[PDB]
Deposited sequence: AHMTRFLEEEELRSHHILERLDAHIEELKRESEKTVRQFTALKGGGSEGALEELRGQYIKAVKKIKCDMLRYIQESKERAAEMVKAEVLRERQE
């Protein structure tokens, strides 16, 4: 029954990582409506907008790297626990 706990954990880990991507998408969507409103109420905005997407994408790249790195450690931990189970 080791692996069922592994899958339960993946299911949680999956729910969290997707939550923190929605957070990032929405922040982009909010900041960018504001900035498009500034420019429309006027007659520099290209840098705020592009600035924002770079922000959202950077944060997505960080969070995906932390997930990936956690995943590798988890796998290595299981490699370890398998070898411990070989004890006579």
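Would you list the gaps, meaning deposited-sequence stretches without C-alpha coordinates, in the order they occur?
The deposited sequence has unmodelled segments at 44-48, 94.
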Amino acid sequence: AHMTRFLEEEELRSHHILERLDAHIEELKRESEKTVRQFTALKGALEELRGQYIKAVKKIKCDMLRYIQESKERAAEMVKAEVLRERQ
From here on, numbers count along this sequence of modelled residues.
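What third of its chain, lowest, middle or highest, does the C-alpha temperature factor of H15 fall into?
It falls in the middle third of the chain.
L84: which third of its chain by C-alpha temperature factor?
According to the entry, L84 has a C-alpha B-factor in the chain's middle third.
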